[PDB]
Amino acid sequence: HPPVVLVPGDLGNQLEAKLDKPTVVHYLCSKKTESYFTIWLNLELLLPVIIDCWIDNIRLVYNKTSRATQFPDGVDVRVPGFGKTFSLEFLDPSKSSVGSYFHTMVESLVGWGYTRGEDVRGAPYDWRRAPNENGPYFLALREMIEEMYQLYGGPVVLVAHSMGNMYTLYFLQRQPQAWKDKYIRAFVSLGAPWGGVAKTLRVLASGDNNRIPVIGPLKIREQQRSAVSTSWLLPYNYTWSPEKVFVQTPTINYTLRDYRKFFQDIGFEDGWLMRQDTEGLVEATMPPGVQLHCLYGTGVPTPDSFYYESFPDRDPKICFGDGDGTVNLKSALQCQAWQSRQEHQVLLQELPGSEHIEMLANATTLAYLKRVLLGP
């Protein structure tokens, strides 16, 4: 059975930090730590008041001159567990029941005879950034794939979830065809937002605390805006018509042709600069050039557009379309367009009723993967 590399989505792996800050936003925030500590996912950092300290440390700072992000003064961030799986199996190291992400799938793989850290490895990354600021990650990923090929005697299967699919596509678009034919067996795509997702507009405008309901939407909005990856996943014109209204208010409509105005009007001009930096990174029309298995959820109400009575600081009414709860059906179907640009097969698998995160622990998903890995 072939070696496997797992690529997570947004919020999809642990992050660690170390501090030596010149100033803090409250006296109760720690200025200095002697070693690295878990900054994601650690529930104690997310309580009211203390959450201000967390935001101050986990935010990225956007530099308009360099068109690049930096960490706050005296803050360093590390991605643990590269080449292992622990940091994407469980988001909170203190805690099994909360943060369980790739754990169920890795348990299945291990039951099928895989060994963590050897023929199954994780490729976690700083998911706050888009691929243009994760160069070193892609070098490490290339090297790890080559090593696994040599050690385990064949090409690797890449298995990616959500935004991890866009990271993986970026990587594959930049490797020569001869390299991919030698080293990549297949690419299994789970819940890929190839065209962006509509709910990114609500996230940027008013915040989204649906995961983290103990925290205020206006507080978490600060983190979500600071992450380049958020603006990278705004809807794209290769999926959506420029005349589709994503956000309606009493006096103005916003389509994907109105992003500059949108960012002005929500008070977040840096987001527009981030979108310009990132909108071209994955070419809409360049196929991956490998056997692709595109798995997407349907039949789950998925935010499609938003009506604001008062914009942007009051919660909107939501209009729902088809998809997996997060990824709109239209964005997930992008993979089929690549079939006419590449010779390798593109296989579609609809997963009716399968929710965005739950698809990773779903029996039908795992049965499909088993067939890909272990054969008939």
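Here the rigid core means the biggest group of C-alpha atoms that line up within 1.5 Å when the two forms are laid on top of each other. We number the residues from 1 along the sequence you see.
Trainee: Give, as the answer, the stretch of 93-101 and 156-164 that departs more from the shown form in 5 other deposited structures of this protein; the measure is RMS Cα distance after a core fit.
Mentor: Farther on average in 5 other deposited structures of this protein: 93-101.
Trainee: Stretch 258-266 versus stretch 207-215: after rigid core alignment, which one is farther off in C-alpha RMS in 5 other deposited structures of this protein?
Mentor: Output: 207-215, the stretch lying farther off on average in 5 other deposited structures of this protein.
Trainee: I need to verify one thing: averaged over C-alpha atoms only, is the B-factor higher for 183-191 or for 207-215?
Mentor: So the stretch with the higher mean C-alpha B-factor is 207-215.
Trainee: Would you tell me which stretch averages the higher CA B-factor in the PDB entry, 158-166 or 243-251?
Mentor: Of 243-251 and 158-166, the stretch with the higher C-alpha B-factor average is 243-251.
Trainee: For the listed residues 126, 143, 107, 89, which one has the largest C-alpha B-factor as given in the deposited model?
Mentor: Within the set 126, 143, 107, 89, 143 shows the top C-alpha B-factor.
Trainee: Sort 196, 267, 122, 297 by C-alpha B-factor from the entry and give me just the highest.
Mentor: That would be 267.
Trainee: Report the third (lowest, middle or highest) to which the CA temperature factor of residue 8 belongs, ranking only the modelled residues of the same chain.
Mentor: It belongs to the lowest third of the chain when residues are ordered by C-alpha B-factor.
Trainee: Would you check the entry's CA temperature factor for residue 20 and let me know if it's in the chain's lowest, middle or highest third?
Mentor: It falls in the top third of the chain.
Trainee: Sorting the chain's modelled residues by C-alpha B-factor, tell me whether residue 275 ends up in the lowest, middle or highest third.
Mentor: Residue 275: CA B-factor falls in the middle third of its chain.
Trainee: Comparing against every modelled residue in the chain, figure out the third that the C-alpha B-factor of residue 315 lands in (lowest, middle or highest).
Mentor: CA B-factor rank for residue 315: highest third.
Trainee: Would you mind ranking residue 54 by its C-alpha B-factor against the rest of the chain and naming the third, lowest, middle or highest?
Mentor: It belongs to the middle third of the chain when residues are ordered by C-alpha B-factor.
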